[PDB]
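Coming up is one lone chain in structure tokens, specifically the form deposited in one PDB entry.
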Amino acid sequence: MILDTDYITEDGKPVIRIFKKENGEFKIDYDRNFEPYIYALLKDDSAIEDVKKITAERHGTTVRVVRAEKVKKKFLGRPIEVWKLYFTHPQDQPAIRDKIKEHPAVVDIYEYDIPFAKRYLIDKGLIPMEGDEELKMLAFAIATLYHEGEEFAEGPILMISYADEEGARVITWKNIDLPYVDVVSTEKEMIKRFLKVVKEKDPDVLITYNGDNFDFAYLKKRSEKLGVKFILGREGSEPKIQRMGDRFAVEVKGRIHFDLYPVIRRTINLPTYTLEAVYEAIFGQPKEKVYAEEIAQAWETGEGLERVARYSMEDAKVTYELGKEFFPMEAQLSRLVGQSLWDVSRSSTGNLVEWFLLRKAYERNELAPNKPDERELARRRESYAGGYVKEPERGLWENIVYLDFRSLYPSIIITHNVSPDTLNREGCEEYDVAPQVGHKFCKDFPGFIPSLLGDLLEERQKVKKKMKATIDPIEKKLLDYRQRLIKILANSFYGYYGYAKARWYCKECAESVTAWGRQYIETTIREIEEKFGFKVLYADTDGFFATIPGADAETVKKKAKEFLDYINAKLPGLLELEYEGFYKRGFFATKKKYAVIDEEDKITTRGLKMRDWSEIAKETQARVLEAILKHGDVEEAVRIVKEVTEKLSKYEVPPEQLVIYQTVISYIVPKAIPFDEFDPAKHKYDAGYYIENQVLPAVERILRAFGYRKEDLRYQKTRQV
């Protein structure tokens, strides 16, 4: 299988290198015949001879146009004839492209900023990570000596740890009596020892946590300081450090540097992204943190080195465990988009869809539109109307059904053929008109993006059905990842349409999807109210909560299923309303804030989780929510708040339930102090603060839906007037 591609220069000519792993054998294939090129639209074909003589200079070397060739392509459906301009080296393109564009006879230029190695994968039809090859992985981490006022890597590396299927080990240059610690004489010997491990193990994947911005950079400065050749690459190269905006990225040639940090940063939402917090959230097991001060103190005093070595070992162990959990998913994402695992794992949603579209456009001989210039980019900052949000019906509701559209926005794109190549296309016999915005979309032929979206949904069904027949549980998990990633990719087209930097940006397409969405959700609401007597309690972009106030649970279920049969026969194309779930009771506090409970007694809460909060505020909110959702007792929920505020005012609440966590700082507010130093016998907490700034704000938002003000929840201080 293909791992990655790049290029080196030999005598001024680019040489593509294809890194492959076939039958357990690492291979490098070379291609010296791939020519870099760009397209040029000319107003007069006779002018091509003047364009061929355009020259530029890179670094003393004179840049010229090797040859030109007139080709026929499509541009947003319409046929086009453009000039394919060939060059010697891909770096010639940034040097002459501006001079070619500024030439009077040149209308515009296209596909001039596509990286050579990525242009190769697309043009050759090569797909990375495709096949049944098993990759050998190795995780690693480092521990360093830190002092407050010193430069980067001014202190030596104290330890280097690594982990794989064989277990985790630590290399250090001090005596630590642990079975997994290997003791060498110096820091230089420790680094050299690590290089031998990587060389002997020969892993296909090197797994780190923030290795892009710390580990590799620290090792590099240290090897330079000590005179060590940091050859980690399979071709004897040192790790290549690149600039990715305000951060860095590292690639180890011949292998895949899998940095878990950017991956987990996009996949899950956590308050902090320390290795300890990430591991505890994904595996549900704790991990102790050992800070730089403790490691420096332990190394200088020589006491407590077992704790530092154990921390170093756990870093490599958990990085390997997390890598084992997230790498197969990233491999399926890589194979789907058609780009290397290295790039896809570090790429944003907008870049992932663009690379998928770039490949599909090449397959269909479709000329790709350019990225926007600064002027066009400023024009695209105008926003549009989004989803519809109904103001919720106050009060507690019984027997609620949640109905929503199956993939509303992708269904709209496919059903109404929403695409820049079908937008206001004159000469068609059939059109679909977007409500409110009025954009017309030709229905005579399938559009570029709706056709790809249709192929994605078809491919997803072909992978869902292959899962059911697969006996191999490893292959089933892999297919589950591909199927999930196709759903995520399909649901990224809408946002991409309104992404100002996108090549296939189309505000008209984006606002037409939301206008159609607003129409389908609003018409279905009036339909269920007028023809079925339902009360719609709350609705967001693609779904709504409804009930029949004077009806039993079986009655509401039956009528909801009858309504579904009714509207689904009226909905066009792929649009489909579904029965998402039934809820015993629920309250809709404000827009985006609500809570429901199913027949199993599982409570689902949105917008109420909420920042640094004391355990007393979290406890009372949960107690209030439970009284309302499980007991159906709103008056009990108010008494709980009155009881809590009364206990706080009379100082009957233990200080342990008043700690606020925000390094995590654990403090308590006095009548501003770390909780370790707080003494109830000497000091007094601010009862007013914990009532007015903690308990009441957390609960008020919930009880406001039932008609209670903040004053309706404070302790009844009896004023004997």
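Numbering starts at 1 and follows the sequence shown. By rigid core we mean the largest C-alpha set that fits within 1.5 Å across both forms.
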| query | finding |
| --- | --- |
| Chain break class for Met610 to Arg611, judged by how many deposited residues have no coordinates | 1 to 3 |
| Interval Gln657-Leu658, deposited residues with no coordinates in the entry (none, 1 to 3, 4 to 9, 10 or more) | none |
| Mean Cα B-factor comparison, 458 to 466 or 145 to 153, giving the higher one as deposited | 145 to 153 |
| Between the two ranges 406 to 414 and 176 to 184, the one averaging a larger CA B factor in the entry | 176 to 184 |
| Residue with maximal Cα B-factor (values as given in the PDB entry) among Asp432, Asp373, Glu303, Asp204 | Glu303 |
| Most elevated Cα B-factor in the entry, residues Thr541, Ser383, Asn491, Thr555 | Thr555 |
| Modelled-residue ranking by C-alpha temperature factor, third containing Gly211 | middle |
| CA B-factor placement of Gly245, once the chain's modelled residues are sorted into thirds | highest |
| Third of the chain's Cα B-factor distribution that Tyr505 belongs to, per the entry | lowest |
| Position of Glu35 among the chain's modelled residues by C-alpha B-factor, lowest, middle or highest third | lowest |
| Chain-relative CA temperature factor third for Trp516 | lowest |
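Not on display, but discussed next: the form deposited in another entry.
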item	value
Moved residue between the shown form and the other one - picked from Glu382, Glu635, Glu134, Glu300, where its Cα shifts 2 angstroms or more relative to the rigid core	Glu635
Threshold 2 Å Cα movement between the shown form and the other one for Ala500, core superposed	no
Core-superposed C-alpha of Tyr37 shifting 2 Å or more between the shown form and the other one	no
Rigid-core frame, C-alpha of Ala68, shift of 2 angstroms or more between the shown form and the other one	no
